[PDB]
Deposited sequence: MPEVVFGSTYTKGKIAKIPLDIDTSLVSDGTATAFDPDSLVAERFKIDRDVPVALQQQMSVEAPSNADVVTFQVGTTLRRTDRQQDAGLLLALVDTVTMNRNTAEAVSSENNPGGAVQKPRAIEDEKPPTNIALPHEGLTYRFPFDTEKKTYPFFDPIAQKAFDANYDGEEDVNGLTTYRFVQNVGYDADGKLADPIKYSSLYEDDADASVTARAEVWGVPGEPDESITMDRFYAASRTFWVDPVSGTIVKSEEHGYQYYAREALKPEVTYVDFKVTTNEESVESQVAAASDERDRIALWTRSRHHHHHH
């Protein structure tokens, strides 16, 4: 019925709060962890080569920054991702699988595989109900990565990463000047609000958690624990884009 357009160029922002390690304390006497820090997650998406009649490539740059700092300070996380997807299905075709940044046209009330770029694997995005978003009826989907159905930490992803520091520097118990090596782990939970016609994700809520531990289910030191939601302006921009796409599709479909 339709193809993902080749002229997508969006910059979306999600605001929220985090507990975060201060990267500027890496060589300090004690690793500094700041609580209840305001943050902004910015996602910039642009179309790149290869894109043609069949496929579309998106380059996505994502940053998480503290908003109680000026522009040269407070960068917490940065990720660049590149994916080529089928223009008709939105499915991925470094190797990605399933949905990544959009749902298919005529999205159904069912489970979809949705890629997590840190886990480097697709996890179920389960249908969770209908909800109005700025006058548009959307389908809500929920994806858990490392958390079970009850929201308990169960299978966090171990990064392939490790950090070695004295117990006094980590701020954990230990023998005097004991050297401790901890692995980095990741777990996340996301909610997507989807326009069922165009498949556009008009709003998202994301709760990301990265920490250091000797054992996966016994987190010891937080790297980042953030919860963000797409801001009003970004939701309005996506609802407008989805609405334009829907108006165009309505002209040649039944």
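*Asks:* Would you mind checking the deposited sequence against the model and listing the stretches with no C-alpha coordinates?
*Replies:* In sequence order, the gaps with no modelled C-alpha are 1-14, 108-133, 201-208, 303-310.
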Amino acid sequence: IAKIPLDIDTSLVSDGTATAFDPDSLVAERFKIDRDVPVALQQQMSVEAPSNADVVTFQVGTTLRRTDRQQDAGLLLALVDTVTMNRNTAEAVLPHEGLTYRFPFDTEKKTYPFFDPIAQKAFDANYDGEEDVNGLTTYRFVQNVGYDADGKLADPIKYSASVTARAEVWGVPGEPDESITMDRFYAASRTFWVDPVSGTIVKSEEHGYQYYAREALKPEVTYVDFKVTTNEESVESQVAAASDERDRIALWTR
From here on, numbers count along this sequence of modelled residues.
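*Asks:* So 174-182 or 81-89, which one's hotter by mean CA B-factor in the entry?
*Replies:* The stretch with the larger mean CA B-factor is 174-182.
*Asks:* Tell me which of 216-224 and 27-35 has the higher mean C-alpha B-factor in the deposited entry.
*Replies:* According to the entry, 27-35 carries the higher average C-alpha B-factor.
*Asks:* Choose from 98, 156, 104, 95 the residue with the greatest Cα B-factor as stated in the PDB record.
*Replies:* The record points to 95.
*Asks:* Can you tell me which third, lowest, middle or highest, the CA B-factor of residue 197 falls into for its chain?
*Replies:* Tercile = middle for this residue's CA B-factor.
*Asks:* Could you tell me which third, lowest, middle or highest, the C-alpha B-factor of residue 15 occupies within its chain?
*Replies:* Middle third.
*Asks:* Rank-wise, by C-alpha B-factor, drop residue 169 into the lowest, middle or highest third of its chain.
*Replies:* Bottom third by C-alpha B-factor.
*Asks:* Could you tell me which third, lowest, middle or highest, the C-alpha B-factor of residue 249 occupies within its chain?
*Replies:* Lowest third.
*Asks:* Please rank the C-alpha B-factors of the chain's modelled residues and tell me whether residue 8 sits in the lowest, middle or highest third.
*Replies:* Answer is highest: the recorded C-alpha B-factor places it there.
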